[PDB]
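To be precise, the following lines are target-v5.csv, and they hold CSV, N, CA, C and O atoms.
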```csv
chain,number,residue,atom,x,y,z
C,71,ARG,N,104.9,-70.3,189.4
C,71,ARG,CA,104.6,-70.4,187.9
C,71,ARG,C,103.1,-70.5,187.7
C,71,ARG,O,102.6,-71.5,187.2
C,72,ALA,N,102.3,-69.5,188.2
C,72,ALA,CA,100.9,-69.6,188.0
C,72,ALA,C,100.5,-70.0,186.6
C,72,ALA,O,100.9,-69.3,185.6
C,73,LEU,N,99.8,-71.0,186.4
C,73,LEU,CA,99.4,-71.5,185.0
C,73,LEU,C,98.7,-70.3,184.3
C,73,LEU,O,98.2,-69.4,184.9
C,74,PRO,N,98.7,-70.4,183.0
C,74,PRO,CA,98.1,-69.4,182.1
C,74,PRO,C,96.6,-69.3,182.3
C,74,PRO,O,96.0,-70.4,182.3
C,75,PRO,N,96.1,-68.2,182.5
C,75,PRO,CA,94.6,-68.0,182.6
C,75,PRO,C,93.9,-68.5,181.4
C,75,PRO,O,93.9,-67.9,180.4
C,76,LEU,N,93.3,-69.7,181.5
C,76,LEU,CA,92.5,-70.2,180.3
C,76,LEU,C,91.8,-69.1,179.6
C,76,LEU,O,91.4,-68.1,180.2
C,77,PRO,N,91.5,-69.3,178.3
C,77,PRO,CA,90.8,-68.3,177.5
C,77,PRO,C,89.4,-68.0,178.1
C,77,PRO,O,88.5,-68.7,177.9
C,78,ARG,N,89.3,-67.0,178.9
C,78,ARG,CA,88.0,-66.6,179.6
C,78,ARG,C,86.9,-67.6,179.3
C,78,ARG,O,86.5,-68.3,180.2
C,79,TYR,N,86.4,-67.6,178.2
C,79,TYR,CA,85.3,-68.6,177.8
C,79,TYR,C,84.0,-68.0,178.4
C,79,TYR,O,82.9,-68.4,177.9
D,9,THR,N,102.5,-88.2,171.8
D,9,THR,CA,102.0,-87.2,170.8
D,9,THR,C,100.9,-86.5,171.4
D,9,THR,O,99.7,-86.9,171.3
D,10,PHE,N,101.1,-85.4,172.0
D,10,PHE,CA,100.0,-84.6,172.6
D,10,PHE,C,99.5,-83.5,171.6
D,10,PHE,O,100.1,-83.3,170.6
D,11,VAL,N,98.5,-82.8,171.9
D,11,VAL,CA,98.0,-81.7,171.0
D,11,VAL,C,97.7,-80.5,171.8
D,11,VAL,O,97.1,-80.5,172.8
D,12,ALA,N,98.0,-79.3,171.2
D,12,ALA,CA,97.8,-78.0,171.9
D,12,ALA,C,96.3,-77.8,171.9
D,12,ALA,O,95.7,-77.3,170.9
D,13,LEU,N,95.6,-78.0,173.0
D,13,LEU,CA,94.2,-77.7,173.1
D,13,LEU,C,93.9,-76.2,173.2
D,13,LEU,O,92.8,-75.7,172.9
D,14,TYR,N,94.9,-75.5,173.6
D,14,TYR,CA,94.7,-74.0,173.7
D,14,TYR,C,95.9,-73.2,173.1
D,14,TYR,O,96.9,-73.8,172.9
D,15,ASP,N,95.6,-72.0,172.6
D,15,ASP,CA,96.8,-71.2,172.0
D,15,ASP,C,97.7,-70.7,173.1
D,15,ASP,O,97.3,-69.7,173.8
D,16,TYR,N,98.8,-71.3,173.3
D,16,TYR,CA,99.7,-70.8,174.4
D,16,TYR,C,100.5,-69.6,173.9
D,16,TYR,O,101.3,-69.7,172.9
D,17,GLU,N,100.3,-68.4,174.5
D,17,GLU,CA,101.1,-67.2,174.0
D,17,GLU,C,102.2,-66.9,175.0
D,17,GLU,O,102.3,-65.9,175.5
D,18,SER,N,103.1,-67.9,175.2
D,18,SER,CA,104.2,-67.7,176.1
D,18,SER,C,104.9,-66.3,175.9
D,18,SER,O,104.8,-65.8,174.8
D,19,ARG,N,105.5,-65.7,176.9
D,19,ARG,CA,106.1,-64.4,176.7
D,19,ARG,C,107.6,-64.4,177.1
D,19,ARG,O,108.3,-63.4,177.2
D,20,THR,N,108.1,-65.6,177.3
D,20,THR,CA,109.5,-65.8,177.7
D,20,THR,C,110.3,-66.4,176.5
D,20,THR,O,109.7,-66.9,175.6
D,21,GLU,N,111.6,-66.5,176.6
D,21,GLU,CA,112.4,-67.1,175.5
D,21,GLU,C,112.6,-68.6,175.9
D,21,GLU,O,113.3,-69.3,175.2
D,22,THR,N,112.0,-69.0,176.9
D,22,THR,CA,112.2,-70.5,177.3
D,22,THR,C,111.0,-71.3,176.8
D,22,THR,O,111.2,-72.2,176.0
D,23,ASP,N,109.9,-71.0,177.2
D,23,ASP,CA,108.7,-71.8,176.8
D,23,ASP,C,108.3,-71.3,175.3
D,23,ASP,O,108.3,-70.2,175.0
D,24,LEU,N,108.0,-72.3,174.5
D,24,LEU,CA,107.6,-71.9,173.1
D,24,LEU,C,106.1,-71.7,173.0
D,24,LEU,O,105.3,-72.5,173.4
D,25,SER,N,105.7,-70.6,172.4
D,25,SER,CA,104.2,-70.4,172.3
D,25,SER,C,103.7,-71.2,171.1
D,25,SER,O,104.3,-71.3,170.0
D,26,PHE,N,102.5,-71.8,171.2
D,26,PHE,CA,102.0,-72.6,170.1
D,26,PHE,C,100.5,-72.2,170.0
D,26,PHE,O,99.9,-71.4,170.7
D,27,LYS,N,99.8,-72.8,169.0
D,27,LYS,CA,98.4,-72.5,168.8
D,27,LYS,C,97.6,-73.8,168.8
D,27,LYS,O,98.2,-74.9,169.0
D,28,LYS,N,96.3,-73.8,168.7
D,28,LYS,CA,95.5,-75.0,168.8
D,28,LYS,C,95.6,-75.8,167.5
D,28,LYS,O,95.6,-75.2,166.4
D,29,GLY,N,95.8,-77.1,167.5
D,29,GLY,CA,95.9,-77.9,166.3
D,29,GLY,C,97.4,-78.2,166.1
D,29,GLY,O,97.7,-79.0,165.2
D,30,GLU,N,98.3,-77.6,166.8
D,30,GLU,CA,99.7,-77.9,166.6
D,30,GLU,C,100.1,-79.1,167.5
D,30,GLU,O,99.8,-79.1,168.7
D,31,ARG,N,100.8,-80.0,166.9
D,31,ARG,CA,101.2,-81.2,167.7
D,31,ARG,C,102.5,-80.9,168.5
D,31,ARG,O,103.3,-80.1,168.0
D,32,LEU,N,102.7,-81.5,169.6
D,32,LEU,CA,103.9,-81.3,170.4
D,32,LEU,C,104.5,-82.6,170.9
D,32,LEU,O,103.8,-83.3,171.6
D,33,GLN,N,105.7,-82.9,170.7
D,33,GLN,CA,106.3,-84.2,171.2
D,33,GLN,C,106.5,-84.0,172.7
D,33,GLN,O,107.6,-83.6,173.1
D,34,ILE,N,105.6,-84.4,173.5
D,34,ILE,CA,105.8,-84.3,175.0
D,34,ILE,C,107.1,-85.0,175.4
D,34,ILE,O,107.6,-85.9,174.7
D,35,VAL,N,107.8,-84.5,176.4
D,35,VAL,CA,109.1,-85.1,176.8
D,35,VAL,C,108.9,-85.8,178.2
D,35,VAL,O,108.6,-86.9,178.3
D,36,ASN,N,109.1,-85.0,179.2
D,36,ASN,CA,108.9,-85.6,180.6
D,36,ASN,C,107.9,-84.7,181.3
D,36,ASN,O,107.9,-83.5,181.2
D,37,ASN,N,107.1,-85.4,182.1
D,37,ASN,CA,106.0,-84.6,182.9
D,37,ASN,C,105.1,-85.6,183.6
D,37,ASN,O,104.5,-86.5,183.0
D,38,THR,N,104.9,-85.3,184.8
D,38,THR,CA,104.0,-86.2,185.6
D,38,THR,C,104.0,-85.8,187.1
D,38,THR,O,103.9,-86.6,188.0
D,39,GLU,N,104.1,-84.5,187.3
D,39,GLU,CA,104.2,-84.0,188.7
D,39,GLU,C,103.6,-82.6,188.8
D,39,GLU,O,102.6,-82.4,189.5
D,40,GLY,N,104.1,-81.7,188.0
D,40,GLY,CA,103.5,-80.3,188.0
D,40,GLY,C,102.6,-80.1,186.9
D,40,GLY,O,102.2,-81.0,186.2
D,41,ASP,N,102.3,-78.9,186.6
D,41,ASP,CA,101.4,-78.5,185.5
D,41,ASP,C,102.2,-78.0,184.3
D,41,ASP,O,101.6,-77.5,183.3
D,42,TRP,N,103.5,-78.1,184.4
D,42,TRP,CA,104.3,-77.6,183.3
D,42,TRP,C,105.2,-78.7,182.7
D,42,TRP,O,106.0,-79.3,183.5
D,43,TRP,N,105.1,-79.0,181.5
D,43,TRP,CA,105.9,-80.1,180.9
D,43,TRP,C,106.8,-79.6,179.8
D,43,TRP,O,106.6,-78.4,179.4
D,44,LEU,N,107.8,-80.3,179.4
D,44,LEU,CA,108.7,-79.9,178.4
D,44,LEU,C,108.4,-80.6,177.1
D,44,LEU,O,108.4,-81.8,177.0
D,45,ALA,N,108.2,-79.9,176.0
D,45,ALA,CA,107.8,-80.6,174.7
D,45,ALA,C,108.9,-80.2,173.7
D,45,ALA,O,109.7,-79.3,173.8
D,46,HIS,N,108.8,-80.8,172.5
D,46,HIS,CA,109.7,-80.5,171.4
D,46,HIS,C,109.0,-80.4,170.1
D,46,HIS,O,108.3,-81.4,169.7
D,47,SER,N,109.0,-79.3,169.4
D,47,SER,CA,108.3,-79.2,168.1
D,47,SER,C,109.0,-80.0,167.0
D,47,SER,O,110.3,-79.9,167.0
D,48,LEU,N,108.3,-80.8,166.2
D,48,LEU,CA,109.0,-81.5,165.2
D,48,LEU,C,109.1,-80.7,163.9
D,48,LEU,O,109.1,-81.2,162.8
D,49,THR,N,109.2,-79.4,164.0
D,49,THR,CA,109.2,-78.5,162.8
D,49,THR,C,110.6,-78.0,162.6
D,49,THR,O,111.3,-78.3,161.7
D,50,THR,N,111.0,-77.1,163.5
D,50,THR,CA,112.4,-76.5,163.4
D,50,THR,C,113.4,-77.3,164.2
D,50,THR,O,114.5,-77.5,163.8
D,51,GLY,N,112.9,-77.9,165.3
D,51,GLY,CA,113.8,-78.7,166.2
D,51,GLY,C,114.3,-77.9,167.4
D,51,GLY,O,115.4,-77.8,167.7
D,52,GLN,N,113.3,-77.3,168.1
D,52,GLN,CA,113.7,-76.6,169.4
D,52,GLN,C,112.9,-77.1,170.6
D,52,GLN,O,112.1,-78.0,170.4
D,53,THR,N,113.1,-76.5,171.7
D,53,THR,CA,112.4,-77.0,172.9
D,53,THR,C,111.5,-75.9,173.4
D,53,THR,O,111.7,-74.7,173.2
D,54,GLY,N,110.5,-76.2,174.2
D,54,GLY,CA,109.5,-75.2,174.7
D,54,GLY,C,108.6,-75.8,175.8
D,54,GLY,O,107.9,-76.7,175.5
D,55,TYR,N,108.7,-75.3,177.0
D,55,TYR,CA,107.9,-75.8,178.1
D,55,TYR,C,106.4,-75.5,177.8
D,55,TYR,O,106.0,-74.3,177.8
D,56,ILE,N,105.6,-76.5,177.5
D,56,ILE,CA,104.2,-76.2,177.2
D,56,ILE,C,103.3,-76.5,178.4
D,56,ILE,O,103.5,-77.5,179.1
D,57,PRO,N,102.4,-75.7,178.8
D,57,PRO,CA,101.5,-75.9,179.9
D,57,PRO,C,100.6,-77.1,179.7
D,57,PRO,O,100.3,-77.4,178.6
D,58,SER,N,100.2,-77.8,180.7
D,58,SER,CA,99.3,-79.0,180.6
D,58,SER,C,97.9,-78.5,180.4
D,58,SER,O,97.1,-79.2,179.7
D,59,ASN,N,97.5,-77.4,180.9
D,59,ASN,CA,96.1,-77.0,180.7
D,59,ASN,C,95.8,-76.6,179.2
D,59,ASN,O,94.7,-76.5,178.8
D,60,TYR,N,96.9,-76.4,178.5
D,60,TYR,CA,96.7,-76.0,177.1
D,60,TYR,C,97.1,-77.3,176.2
D,60,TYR,O,97.3,-77.1,175.0
D,61,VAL,N,97.1,-78.4,176.8
D,61,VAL,CA,97.4,-79.6,176.0
D,61,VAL,C,96.8,-80.9,176.6
D,61,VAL,O,96.3,-80.8,177.7
D,62,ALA,N,96.8,-82.0,175.9
D,62,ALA,CA,96.2,-83.2,176.5
D,62,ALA,C,96.6,-84.4,175.5
D,62,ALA,O,96.8,-84.2,174.3
D,63,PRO,N,96.6,-85.6,176.1
D,63,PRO,CA,96.9,-86.8,175.3
D,63,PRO,C,95.8,-87.0,174.2
D,63,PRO,O,94.6,-87.0,174.5
D,64,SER,N,96.2,-87.1,173.0
D,64,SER,CA,95.2,-87.3,171.9
D,64,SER,C,95.9,-88.0,170.7
D,64,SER,O,96.4,-87.3,169.8
```

Any chance you could give the structure as structure tokens?
Amino acid sequence: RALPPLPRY
Amino acid sequence: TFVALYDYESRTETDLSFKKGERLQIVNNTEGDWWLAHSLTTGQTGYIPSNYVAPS
């Protein structure tokens, strides 16, 4: 369940 | 009472997608990075990621 890629930023 | 720090755009029918500013009644969680929360709007369940939420 790879965590969601945070909003680039 | 946690708060969605990030806009979760879940793509499955299990986890509920939410936006920033939306409150989520956390349920159980203290081991992995995925917790189960419950929205106090319609009354459904949705696993919300911890990186997109935090105690507030």

- [ ] Pull out every residue of chain D that has at least one atom within 10 Å of chain C, counting only C-alpha atoms, and report them as JSON, numbers by chain.
- [x] {"D": [14, 15, 16, 17, 18, 40, 41, 42, 57, 58, 59, 60]}

Open item on the list: Could you check which residues have any atom within 10 Å of (91.8, -71.3, 167.9), counting only C-alpha atoms with coordinates taken straight from the file, and then list them as an NGL selection string?
Closed with: :D and (12-15 or 27-29)

Task: Spatial sel., origin (107.1, -87.5, 171.6), limit 8 Å, all atoms listed in the file, listed as a PyMOL selection string - done: chain D and resi 9-10+32-35+44-46

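Here the DSSP assignment of strand (DSSP E or B), based on backbone atoms, applies within chain D to residues 10, 11, 12, 16, 26, 31, 32, 33, 34, 42, 43, 44, 45, 46, 53, 54, 55, 56, 57, 61, 62 and 63 of chain D.
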
Task: Which residue of D:11, D:39, D:48, D:55 approaches residue D:23 most closely, using all atoms listed in the file - done: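 Counting all atoms listed in the file, the residue closest to residue D:23 is D:55.
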
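Coordinates place atom CA of residue D:37 at a distance of 17.5 Å from atom CA of residue D:52.
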
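Taking only N, CA, C and O atoms, the non-local environment of residue D:24 within 4.5 Å (same-chain residues fewer than 2 positions away omitted) comprises residues 22, 26, 54 and 55 of chain D.
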
Task: Pairwise distance for atom N of residue D:36 and atom N of residue D:64, rounded to one decimal in Å - done: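 For atom N of residue D:36 relative to atom N of residue D:64, the distance reads 14.5 Å.
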
Open item on the list: As an exercise, work out the distance from atom C of residue D:47 to atom C of residue D:30 in Å and give it to one decimal place.
Closed with: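 Here the two named atoms are 9.0 Å from each other.
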